[PDB]
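Residue numbering for the sequence shown is 2 to 124, 132 to 181, as defined by PDB author numbering.
Even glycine gets a Cβ: it sits at the ideal position worked out from N, Cα and C.
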Amino acid sequence: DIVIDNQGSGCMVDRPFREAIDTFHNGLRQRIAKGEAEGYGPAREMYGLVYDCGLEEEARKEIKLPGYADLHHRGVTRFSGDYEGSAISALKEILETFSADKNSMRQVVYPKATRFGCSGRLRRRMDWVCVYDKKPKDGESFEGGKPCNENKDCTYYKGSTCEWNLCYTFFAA
């Protein structure tokens, strides 16, 4: 599993922050696809999220102007917390707390989202938003299909490569 990056730029958040968030997202997704994430249900077709600098820039706009992303019909997650040590360790902890928020995790884990980007700001407290190309709806079922082994296993979107049992497309729009 490695980060798959598209666009620019947009990507102004530093690499390890971007990577920590991307790994948290796609790591979970990969485990869910293989039906082996405690509490997330049976194996399924899953798309990896492409990290998208354009959407990171939308996340930055969303921080400055709450409501921005919804206007562009995006999914949004937010996570924050006070901290004292290094930003990178705090983030890691904030993500653990974040992973216990069932409503946020619905977006994180939605098999038909295909790209996202995040941005944060420091004030010592940090605030992050993530913006996703696809927002699930309430009651929408997430189960279905199978974890990909080859390209032809990815059915949700046209031009998809299966990589680490995740489907990747760059043209879901």
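Contact between residue 156 and residue 138 fails: their C-beta atoms lie close to 24 angstroms from each other, not under 8 angstroms. Between residue 154 and residue 54, the alpha-carbon positions lie close to 29 angstroms from each other.
Rounded to the nearest whole angstrom, the C-alpha separation of residue 150 and residue 112 is 6 angstroms.
Straight-line spacing of the CA atoms in residue 18 and residue 134 works out to 12 angstroms. Taking every protein chain shown into account, the CB of residue 166 has fewer than 16 other CB atoms within 10 angstroms, so this residue is exposed. Under the three-state reduction of DSSP output, residue 123 falls in the strand class. Between residue 5 and residue 144, the alpha-carbon positions lie close to 22 angstroms from each other.
The beta carbon of residue 34 sits closer than 7 angstroms to the beta carbons of 44, 45, 47, 155, 173 and 174 from its chain, once the five residues preceding and following it are set aside; these are given in chain order. For the alpha helix (DSSP H) assignment, the uninterrupted runs of no fewer than 4 residues enclosed by the region 67–110 are, from N- to C-terminal side, 69–72, 88–99 and 103–110.
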